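Residue numbers (PDB author numbering), protein chains in the order written: chain R, 31 to 113; chain Q, 89 to 168; chain s, 35 to 60; chain E, 38 to 247; chain q, 98 to 99, 123 to 144; chain G, 29 to 291; chain I, 107 to 212; chain F, 32 to 457.
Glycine is no exception: its CB is placed at the ideal position from the N, C-alpha and C atoms.
The block underneath contains the structure these notes are about, expressed in structure tokens.
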Amino acid sequence: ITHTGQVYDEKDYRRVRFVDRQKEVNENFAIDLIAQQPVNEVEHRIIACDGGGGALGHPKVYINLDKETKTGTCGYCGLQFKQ
Amino acid sequence: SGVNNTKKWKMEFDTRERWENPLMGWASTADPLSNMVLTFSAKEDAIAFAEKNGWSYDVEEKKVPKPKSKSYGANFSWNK
Amino acid sequence: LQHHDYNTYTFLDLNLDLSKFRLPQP
Amino acid sequence: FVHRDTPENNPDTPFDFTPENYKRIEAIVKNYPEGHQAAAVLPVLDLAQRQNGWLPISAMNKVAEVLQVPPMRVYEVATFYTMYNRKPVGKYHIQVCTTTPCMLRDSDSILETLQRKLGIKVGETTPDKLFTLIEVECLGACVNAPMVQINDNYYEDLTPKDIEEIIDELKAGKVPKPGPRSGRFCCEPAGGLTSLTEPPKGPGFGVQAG
Amino acid sequence: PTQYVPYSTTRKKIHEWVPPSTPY
Amino acid sequence: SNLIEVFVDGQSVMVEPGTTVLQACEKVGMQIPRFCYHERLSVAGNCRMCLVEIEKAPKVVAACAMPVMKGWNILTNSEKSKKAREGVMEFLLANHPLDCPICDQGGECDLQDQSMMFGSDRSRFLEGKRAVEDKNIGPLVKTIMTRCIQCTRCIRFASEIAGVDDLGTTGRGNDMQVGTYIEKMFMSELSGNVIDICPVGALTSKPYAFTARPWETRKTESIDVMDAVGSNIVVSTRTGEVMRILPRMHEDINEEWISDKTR
Amino acid sequence: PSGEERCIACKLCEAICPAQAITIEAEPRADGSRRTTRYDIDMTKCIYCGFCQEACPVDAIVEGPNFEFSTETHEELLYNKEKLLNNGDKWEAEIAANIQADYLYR
Amino acid sequence: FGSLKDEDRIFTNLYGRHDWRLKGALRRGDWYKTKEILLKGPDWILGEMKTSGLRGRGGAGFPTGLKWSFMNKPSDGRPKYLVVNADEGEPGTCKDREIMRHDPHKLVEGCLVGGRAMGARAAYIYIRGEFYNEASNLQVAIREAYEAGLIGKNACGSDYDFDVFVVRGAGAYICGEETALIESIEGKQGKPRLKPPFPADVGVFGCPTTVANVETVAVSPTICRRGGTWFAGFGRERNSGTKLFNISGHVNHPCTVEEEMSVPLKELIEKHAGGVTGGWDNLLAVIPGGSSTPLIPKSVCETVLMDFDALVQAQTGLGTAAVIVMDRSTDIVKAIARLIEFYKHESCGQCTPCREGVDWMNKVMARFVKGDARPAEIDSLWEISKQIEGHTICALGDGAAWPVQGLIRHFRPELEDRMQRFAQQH
Ligand SMILES: Cc1cc2nc3c(=O)[nH]c(=O)nc-3n(C[C@H](O)[C@H](O)[C@H](O)COP(=O)(O)O)c2cc1C
Ligand code: SF4
Ligand code: SF4
Ligand code: SF4
Ligand code: SF4
Ligand code: FES
Ligand code: FES
Ligand SMILES: [Zn+2]
């Protein structure tokens, strides 16, 4: 159901709660949204990742897209960068 | 590697039940004296607090790092 | 023109030749 | 600085010192103090480089084996020094000195000429795998500034054209008169020998008493 | 410009041994 | 006999000949800010974050290294030994990747504190940063080594406390990366201690990757039952489930180290 | 924008909350990234200080403009990650405009 | 006042001109009083250098006699050793390449003359690996000498025993450092050791060891043959003796002349070598001791005399005495910039200050050459410069800071204009 698949179960004593009232779950789960994000190709060995917008983005981090074997992923945006 | 939190003695009450809460899954505790840790400068003073307040105590001796001899020249010894 | 021509092993092989002269080890 | 095993550069490439090489190996050890072999890793690593320029991961493991040292110990030595090459090296492997002394005396000048002659970027091997150009740092011999060391040849005082001439010599034929292609012997004031133009005093000249 | 229900979203912290359904 | 008298800010402590300047400050009670110096690991002098100023001396000395001599008064809070720390911390931080909200050694950082107490209010490194390539050291230690301050305590422990002799420095300059040259996992018992001994959060624990953050963890001191050495350990519990078990020092039994099994 | 929730579970929003309102527990998502399994703001506990808005490095938790969220039952006021993320999606356009207007000041 | 006589010039075989080999060396009479000297005593040899008051011929200047005196203390059961560093990574030090290549023998007897002074069991010569051909020359020379029996056990028909070895360098400037030469000799990575355990007490293979610039070892025999006084007279006060001077860059005839020390800087380009290319007024600056020492602008050049202390008074170091000259035709901002590039490609990275600091100055210096950086940054570089000067484990960080300090000290207006130039074109 939800992000980490919370599933109060058919036998749980808590699934009682939703009776006559819906559960809060999310469409466009994020888990798949960045996976849906194209790999940002770059020329330089290392690249930055302001998160987009500087102050409005995230701590600026420099990722080492040095091995095509792996597309660097800024630990903050989950954006893969293709050397 | 800082040692500024290994200076003052503390006496801490025994840990008690921490059952999960059914509605939100938050930890729930029925023991009032759980989060209380009083800080006492010396072993003698802390023992006194337990005796007059009537709580049972089991003091643990301070164990401080033993002096260790170090010298940059010593490891350069091919011999050993 | 000795400087002008030497082989890749000149240093090492020459040394080995000198080994006999080399005084006993510690 | 990471050896990602590759079919070419990985231990499948067996390495072993030629019967002649192994000989060289041992004498070196004795050069160093007895009970001390580890000290010979560099000199040995150098003979692995003498054997083969590539010196792959397999070769370093053998070095550690022959020298009975932690393998990493050899890996650290190879990575620290520029003399060792952990990647294939061009037959000629020219290196151009570009520190300020040579640059002030035009070192950069030479570079442009060599890139065009080899018809290749600076830092990689020619397709013919004939020459490899690299911008190395001070190689000593500054008095003669324009300079390009080629497998120890250490040509010196070279004007752009001279190199093209040298490269051609390398491209067809061999041993292109390595050295200062100038008219000054070793290092000498181009004017002459102001330092000592007289004859050298003989043995026991003005030897102080006592 | 030109009723919710609260719940814990975490998993089971302490998984529980299940008895063998094979009788012995 | 064998008791020199050295002054730490004029406190006339007396120390056996051969005690380091850092050690002299310890008995008075002062702490030299230190990285790359661990009590049971060899002195290396890599960081030089411990530069202090012996009185009447032209240059500042390396605390962890200089054997204190006769009657040299250490000035640990001078106007100089603070510019010798305000300027080193400038450097460690300059090439550092600011992912402190990723670095799970968030509150367990001996590099933010020393910055936050002995370092500088602001940065002047308007230039660009460096990045190294994360590799695999095994299934227990996550080496996000772009964090590494090249303090060489791992290479020591991995050679001196444990006899692995695998981890080593590779290269020179600002791209000296302290990782295995070929990717061979660091498989040995005593392996997890590297986590505890790297003050930076470059290599940390992979299971306890992001489950917690240290201020929250309630710490109860208990005993190792997995093995019969009975190593002392601290069980870090949050809201009632154990989150990590890390070593607590017992001179005689486990002196700051615990097995890969019991953590 | 891409669709990846901003929070990276550094959990200092929990540290600086004066009322102990925010409860966060996290684990590495399969992607390998760091995300919060449970983020629960107890709004009845919250005193709307706005420090969480302040503290977040990625600025994932924000004080949204809406003030009209009065609820019939006490449980509705307790908010888990899904309600807040849903609240975030609904008011993102205005939240973005508001942060746009005030970020130079901060 | 320089102008040393050819006779006094110790390295006659300089420039070759005389068989570098033994028979040329015998006509040189380099092995003339070797048996006598060793016979006199180790104490007699150190008396000779103490009287000479010779200063270190390598970049660092220290009394040579006192340094050798330190390991003259009684052996503690570990063999004492001699290490001769023929590495000269510093730009403009083709100074040593001469003695090694042209007059290998002088250094061979320098080694044994020096050896009995310290009672060294054996001497290892670390010639930079770059010089492969150079190595070929010395061991040919070393081989000759033993064949003669000049070196080896019972060397020179005397009780004393010595063995001389040559070690391959591997293209590292830092290998040159005294504690790091040892580690390369030891076979570990070339990373300077720390200062407290002085190389006398600990050292190569952990035995007592001493390190000398090849010029320092080579001048030993003569200093003993000619006596400390003869040598002592040429120098100035603490400064003393002739030291080879290499002039490279923007001079009509760049050459290494062993003319006397205490030479007016204006005189050595004007009188020997070649007058500054383009005229003595076409001198934007002079690098007296090589890249490590700060450059001095023409303003003081003429007044300056080439001595270890002289340059000190001047805020610069005699160092390797490598004179690098820059005409008014050079972008100094870029000249010094490549020396910082020279040091980022070379420092070991063992110590935090040098590792990040030298890279930090390299990044700022490259921006300075472009002029992209603002005028205020200049002072920071200075401030960054002294953080690295006093905090480094070895002297290379000492060395990286000085050229940066020199550029700001005398050429601050030019860098500001490069600052200004870029700001104007936007
Ligand atoms: C980075 C660095 C590089 C050095 N390179 C050399 C060198 O190439 N040759 C040399 O003789 N000394 C070099 N030195 C100085 C040596 O460490 C040592 O002080 C000197 O060789 C001693 O010679 P002397 O005492 O006879 O003058 C270097 C020092 C440093 C810090
Ligand atoms: S180590 Fe982790 S926590 Fe300590 S500073 Fe670097 S990033 Fe922030
Ligand atoms: S890993 Fe941790 S310990 Fe090993 S060097 Fe980098 S920082 Fe020092
Ligand atoms: S909300 Fe902002 S602060 Fe609280 S955890 Fe997620 S990111 Fe860190
Ligand atoms: S300064 Fe620090 S880094 Fe630069 S060389 Fe000497 S030790 Fe290695
Ligand atoms: S810099 Fe080119 S040889 Fe000295
Ligand atoms: S702590 Fe002073 S040397 Fe690392
Ligand atoms: Zn990002």
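Within the same chain, and ignoring the five residues on either side of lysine 365/F in sequence, the residues whose Cβ sits closer than 6 Å to its Cβ are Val400. In this chain, the beta strand (DSSP E) harbouring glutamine 132/E covers 131-133.
From the listed residues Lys36/F, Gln436/F, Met80/F, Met149/F, the smallest Cα separation to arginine 256/F is found for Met80/F. Taking the C-beta atoms as reference points, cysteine 75/G is found no nearer than 8 Å to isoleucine 183/G. With the criterion set as a beta carbon lying under 8 Å from some beta carbon of chain E, the members of the region 370-390 of chain F are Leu370, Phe373, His376, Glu377, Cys379, in sequence order. Using a Cβ-Cβ distance cut-off of 8 Å, the region 62-73 of chain F and the region 87-94 of chain F are not in contact, since fewer than three pairs of beta carbons, one from each stretch, lie closer than that value. From the listed residues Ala85/R, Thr101/R, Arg44/R, the smallest Cα separation to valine 69/R is found for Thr101/R.
Taking each of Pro384/F, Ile439/F, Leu446/F, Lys329/F in turn and checking the Cα distance to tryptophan 311/F, the smallest one comes out for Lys329/F. In the structure shown, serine 128/q falls within a coil segment according to DSSP collapsed to helix, strand and coil. Considering only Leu79/E, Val244/E, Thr196/E, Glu63/E, the residue with the shortest C-alpha distance to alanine 201/F is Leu79/E. Interface with chain G (8 Å Cβ-Cβ cutoff): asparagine 109/Q is excluded. Cβ atoms of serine 279/F and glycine 47/F stay farther apart than 8 Å, at about 19 Å. Using a cutoff of 7 Å, the CB of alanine 91/G counts as near ligand 7, since one of the ligand's heavy atoms is closer than that. Per the CB criterion, closer than 6 Å to any heavy atom of ligand 8, the qualifying residues run in chain order as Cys79/R, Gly81/R, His88/R, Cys104/R, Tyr106/R, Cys107/R, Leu109/R. Per the Cβ contact rule, the region 186-194 of chain I is not in contact with the region 250-267 of chain F (fewer than 3 Cβ pairs under 8 Å). Put simply, of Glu113/E, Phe52/E, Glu174/E, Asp205/E the residue whose alpha carbon is nearest the alpha carbon of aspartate 194/G is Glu113/E. In the DSSP annotation of this structure, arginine 266/G is not part of any alpha helix (DSSP H); the continuous beta strand (DSSP E) holding it starts and ends at 260-266. For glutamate 161/G, the chain E residues whose Cβ falls inside 9 Å of its Cβ are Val39, in order along the chain. Residue state for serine 250/G is assigned as strand, using DSSP reduced to three classes. Taken from the Cβ of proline 217/E, every heavy atom of ligand 6 lies 7 Å or farther away.
Contact annotation: the region 61-79 of chain E does not touch the region 171-187 of chain F, with fewer than three C-beta pairs closer than 8 Å. DSSP, reduced to helix, strand and coil, places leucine 195/E outside both helices and strands of the structure shown, so it counts as coil.
Within its own chain, the residues whose Cβ lies closer than 6 Å to the Cβ of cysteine 162/I, once the five positions on either side in sequence are excluded, are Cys119, listed in chain order. Non-local C-beta neighbours of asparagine 393/F in its own chain, meaning closer than 7 Å and more than five positions away in sequence, comprise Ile371, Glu372, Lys375, ordered along the chain.
Shortest gap from the CB of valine 198/F to any heavy atom of ligand 2: 7 Å or more. Rounded to whole angstroms, the separation of the alpha carbons of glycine 160/F and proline 108/E is 23 Å. Taking 8 Å as the cut-off, the beta carbon of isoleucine 157/E is found no closer than this to the beta carbon of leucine 148/E. Non-local C-beta neighbours of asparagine 101/G in its own chain, meaning closer than 8 Å and more than five positions away in sequence, comprise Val34, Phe35, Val36, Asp37, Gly38, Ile82, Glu83, ordered along the chain. At a C-beta separation below 8 Å, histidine 278/G has these neighbours in chain Q: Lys151. Secondary structure at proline 384/F: helix, using DSSP grouped into helix, strand and coil.
Between ligand 7 and the CB of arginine 62/G, the shortest heavy atom gap is smaller than 7 Å. Not flagged as an interface residue toward chain R: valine 138/q, since no C-beta distance is shorter than 8 Å. DSSP lists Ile76/R as the beta-bridge partner residues of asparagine 94/R. Taking CB atoms only, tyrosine 145/Q has no neighbour in chain G less than 8 Å away. Collapsing the DSSP output to three states places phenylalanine 193/F in a strand.
By the C-beta criterion, the region 302-322 of chain F is judged to be in contact with the region 263-282 of chain F, since at least 3 inter-stretch pairs fall below 8 Å.
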